[PDB]
Chemist: 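Here's a structure for you.
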Amino acid sequence: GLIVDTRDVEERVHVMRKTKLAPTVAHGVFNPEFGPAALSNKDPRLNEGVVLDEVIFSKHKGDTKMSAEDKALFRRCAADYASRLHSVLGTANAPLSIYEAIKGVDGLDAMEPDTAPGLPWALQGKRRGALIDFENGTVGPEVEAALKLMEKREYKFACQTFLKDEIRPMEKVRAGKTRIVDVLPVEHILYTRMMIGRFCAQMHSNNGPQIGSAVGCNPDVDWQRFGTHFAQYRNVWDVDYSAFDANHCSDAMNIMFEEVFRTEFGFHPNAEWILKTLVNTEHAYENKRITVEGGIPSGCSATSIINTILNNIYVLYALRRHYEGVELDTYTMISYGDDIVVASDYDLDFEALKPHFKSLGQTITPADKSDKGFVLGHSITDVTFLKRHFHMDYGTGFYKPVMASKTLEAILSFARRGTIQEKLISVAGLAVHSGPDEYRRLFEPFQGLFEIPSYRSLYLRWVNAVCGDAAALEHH
RNA sequence: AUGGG
RNA sequence: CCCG
Ligand SMILES: [Mg+2]
Ligand SMILES: [Mg+2]
């Protein structure tokens, strides 16, 4: 987005800190080229002449403005996509009660009880539990108030910046490219959930190519479903974006909200409203306050869904802007935020599409390494989605999500103190799909010290997961 | 944060 | 814990 004002106030906002990621017995062994993002203005690993505070905000390099024409084309695209979505999900989009919004519903997890609460709550020690009752799903007075203000389109707030504490490729660490998290007020999350919760649950329950969304999928079971679909197309593209979330422009965001979340579709009227407040935001970094236009903050209830919907719309728009006669079935896709797979029997020129995405502020490039541009004829077994390949399970015949050994090695090499056992068990569910040899190599460093689930047991688990009759079958 | 799983 |  575009930073329209870096104001400065004494009232400081504490984030800094050391990393919670400690190396494991495995690191020595795998020597990953990844490490914990720099979290300190002066980390002893930051290339000379780097200012975290600098790099970290070097993502706001503008807010693309659209012509009346391009805007009119984008509104058609969003209306065309909204027609498809809601035709599939239905129009059962009524607001959630505060109870439903808190405790979740079929397809929508419960709000989280002890995560950051946002502001001004942060500045008083207060936590969500001191504001909300996740037991019965009722809210305390401050939140009661905020809501009535929101119902009265009169509520203002600020995002709170955290430096994401995660593992990263050394080159990005040594460059100060640490990612940031925007924590919204816990009441904003509540009210979004209220306004767009049931729609969301429906999105999750109907995840798939038909709506172009994989939010709520479970790769273990759904890979087979996703793979067979995309395997039927002549062309598949692994399209990458660059700072997708930050480069959504006010025009696009505003127009999407207006077309997809209309009352004619059964949404409360403040559905559009609460979403729009995401367009221009104030971020609080330590002592600094910062106004931005464009982009989408990371911790908004519905960030992944919003992103996914934009992603679908961008593709329709880019294509319509270059070709004639493009409709929703000229192609197929599924996305999860910025992550996307597209496919078509038409020989679409994504390379040519590149300027059209540019009109929206979006830069696309091919996942396929830094290759010489988009090419034709790629297959589903050539792409990555959610950091997983689609490989054929040479046993069940089913697709399975295979992660790159390198990635698993970086994953296994670092861990929060006193979380290693559970981390190992959880990462083993990812690694099983790399086959028994790679599975055993990956975990040897932990042998004799931690409990490593047998490859065998996780394979049996996965078969029953992916297809119980497959499982039941292996036994007839 | 988010939201999935 | 892991992915966007
Ligand atoms: Mg990307
Ligand atoms: Mg990709």
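In what follows, every chain begins at residue 1, and chains take the letters A, B, ... in the order their sequences are listed. Computed over heavy atoms, backbone and side chain alike; hydrogens, waters and symmetry mates excluded.
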Chemist: Would A:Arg7 and A:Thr291 count as having a side-chain donor-acceptor pair, cut-off 3.5 Å?
Modeler: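 Per modelled atom types, A:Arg7 and A:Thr291 side chains form no pair under 3.5 Å.
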
Chemist: Out of B:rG4, B:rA1, C:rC1, which has the shortest distance to the side chain of A:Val427?
Modeler: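 Nucleotide nearest to A:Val427's side chain: C:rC1.
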
Chemist: With a 3.5 Å cut-off and no angle check, do the side chains of A:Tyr241 and A:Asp339 form a donor-acceptor pair?
Modeler: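 Side-chain D/A pair, A:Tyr241 to A:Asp339: absent.
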
Chemist: Using whole Å, report how far CD1 of A:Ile305 lies from P of C:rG4.
Modeler: 17 Å

Chemist: Choosing from C:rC1, C:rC2, B:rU2, which nucleotide comes nearest the side chain of A:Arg416?
Modeler: C:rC1

Chemist: Is there a donor-acceptor pair under 3.5 Å between the side chain of A:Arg198 and the backbone N or O of A:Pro95?
Modeler: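 Judged by distance alone, yes, a pair lies under 3.5 Å.
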
Chemist: Rounded to the nearest Å, what distance is computed from the CG atom of residue A:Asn307 to the P atom of nucleotide C:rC3?
Modeler: 18 Å

Chemist: Would you indicate, yes or no, if B:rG3 has its OP1 or OP2 atom less than 4.0 angstrom from a side-chain nitrogen or oxygen of A:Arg193?
Modeler: yes

Chemist: I want to verify a distance call: between C:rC1, B:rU2, C:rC2, whose nearest atom is closest to the A:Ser426 side chain?
Modeler: C:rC1

Chemist: Can you tell me which residue among A:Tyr399, A:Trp223, A:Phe398 is in a side-chain contact (heavy atoms from CB on, under 4.5 Å) with A:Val466?
Modeler: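 One option only clears the test, and that one is A:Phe398.
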
Chemist: Tell me, please, which residues at least two apart from A:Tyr336 pass ring-ring contact (aromatic ring centres under 6.0 Å, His included).
Modeler: none

Chemist: Is the closest side-chain donor-acceptor distance between A:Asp368 and A:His378 under 3.5 Å?
Modeler: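 Short answer, yes.
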
Chemist: Which residue pairs pass the salt bridge (charged side-chain N to carboxylate O under 4.0 Å, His left out) test when at least one of the two sits in residues 399-408 of chain A, sequence neighbours left out?
Modeler: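 Pairs touching residues 399-408 of chain A that pass the test: A:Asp393-A:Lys400.
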
Chemist: Can you check the A:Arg179 CZ to C:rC3 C1' distance for me, whole Å?
Modeler: 10 Å

Chemist: Strictly below 4.0 Å: does A:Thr115 bring a side-chain N or O up to OP1 or OP2 of B:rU2?
Modeler: yes

Chemist: Any salt bridge (charged side-chain N to carboxylate O under 4.0 Å, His left out) pairs touching residues 209-227 of chain A, not counting sequence neighbours?
Modeler: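 Qualifying pairs, neighbours excluded: A:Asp222-A:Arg225.
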
Chemist: Given Watson-Crick or G-U pairs with both distances under 3.5 Å, what dot-bracket string fits RNA chain C, with | for other-strand pairs and [ ] for crossing?
Modeler: |||.

Chemist: For A:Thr332, check side-chain contact (heavy atoms from CB on, under 4.5 Å) against everything at least two apart and list the hits.
Modeler: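 Listed in chain order: A:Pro209, A:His229, A:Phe230, A:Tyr233, A:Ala343.
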
Chemist: Tell me which nucleotide among B:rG4, C:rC3, B:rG5 gets nearest to the side chain of A:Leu108.
Modeler: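 Closest nucleotide among those given: B:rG4.
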
Chemist: Between residues 239-250 of chain A and RNA chain B, which residues have a heavy-atom gap below 4.0 Å?
Modeler: none

Chemist: Can you tell me how far P of B:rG5 sits from CG of A:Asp339, to the nearest Å?
Modeler: 17 Å

Chemist: Determine the contact category for A:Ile411: base if any of its heavy atoms lies under 4.0 Å from a base atom, sugar-phosphate if only primed atoms, P, OP1 or OP2 are that close, otherwise nothing.
Modeler: sugar-phosphate

